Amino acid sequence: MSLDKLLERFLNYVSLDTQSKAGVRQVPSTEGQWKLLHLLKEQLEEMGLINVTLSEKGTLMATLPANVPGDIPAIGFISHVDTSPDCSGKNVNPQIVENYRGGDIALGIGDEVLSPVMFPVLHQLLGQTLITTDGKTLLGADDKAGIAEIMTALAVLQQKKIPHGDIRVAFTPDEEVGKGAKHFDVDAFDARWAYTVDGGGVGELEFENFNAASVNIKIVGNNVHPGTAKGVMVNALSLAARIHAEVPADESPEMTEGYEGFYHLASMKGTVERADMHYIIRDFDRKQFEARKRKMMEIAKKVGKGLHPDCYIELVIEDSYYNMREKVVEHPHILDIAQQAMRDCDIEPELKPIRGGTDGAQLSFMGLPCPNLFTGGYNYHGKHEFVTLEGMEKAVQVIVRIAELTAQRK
């Protein structure tokens, strides 16, 4: 491998404004993404890969064909070309700190700083080459570190003539708005299983995510002139506060970690006549997920007791996505090769649940079981995002090894 060429590749992708935007019917949601998609398409062709197709919805697929004879299962690696809408992805001006000495890093010239007081991980990254922002923007290691790594891995397999079956690659348009799997043509991708290279620090591997549902509450109250309100007026907001009061305050995103699920009130709007509440429900375990739904319904009936026919509480519950675990563990080889790969590269696998949704978790329920491989990056979606070059080198080495190890079993 070649650490300079890897960094340069990455810095070129990072330089392109490819930030997503919510509330957009078109996919991809923004123009900038097409520029990275198209650069990537040319790069894949130029790398020698075949069947390079960019769909009309911004999904880019390509194949590095089998190296050796034998019936090796086709595997995929997936990244997205967009950065989070939460912070600018435009004119990212990366800072390169060689041989990091475990102190505060100044982001640009200003009162913005990357500091181990705020981010203790840094204590553990002494002597690594850190790539940071300048305080004004995101970095976009999420997920262009992923892209640079997949691209480099492709090159390595060829230049180092490492035996491998068919390797499939896809680069998706709107992950940061959850549209990164919608138009994914799994038949065309033609892989048995896959990996998104879209995780965090060195060694992270993820095959679990939340089960999700929205719980939307419509409350109809009765509103008259407040002065004559006695024994007549029914305040929808007062019922709304009653509902919220019964919801386990300790089982909230603020107070919850690791594998522990939560209820969460995301938005609300109302008057005396009508209020609407938007809850989300999250649980890794499915029975609990359902138990959580049951709770909201119990709260709705309790609070609803006493209301004259003209007043009522109405709950609409709607599943959003499921825990991919089952569809992954269904096939021991997927996580076993991934972990063997890491272990071969002297990486200790760090199993970690996705406290949310991933592209892979959708793909998993589409015929394409798809866990998450690390990237080397930290502090995503903010101005304190960074990445180590060495983290990225290890992520290449793992993709390559997975490819290699898959060939041995075919």
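In case it trips you up, residue 1 is the first one in the sequence shown, and so on.
Note on 289-297 vs 104-112: mean CA B-factor is higher in 104-112. Look at the mean CA B-factor for 304-312 and for 122-130 in the entry; the higher one is 304-312.
Reading the B-factor column for the CA atoms of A236, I72, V81, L265 in the entry, the top value corresponds to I72. Placement of the Cα temperature factor of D276 within the chain: middle third of the modelled residues, per the deposited record. Ranked by C-alpha B-factor against the other modelled residues of its chain, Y380 falls in the highest third. Sort the chain's modelled residues by C-alpha temperature factor and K35 lands in the lowest third, per the entry. Ranked within its chain, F184 lands in the highest third, by CA B factor from the PDB record. Ranked against the other modelled residues of its chain, the C-alpha B-factor of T358 as given in the entry falls in the highest third.
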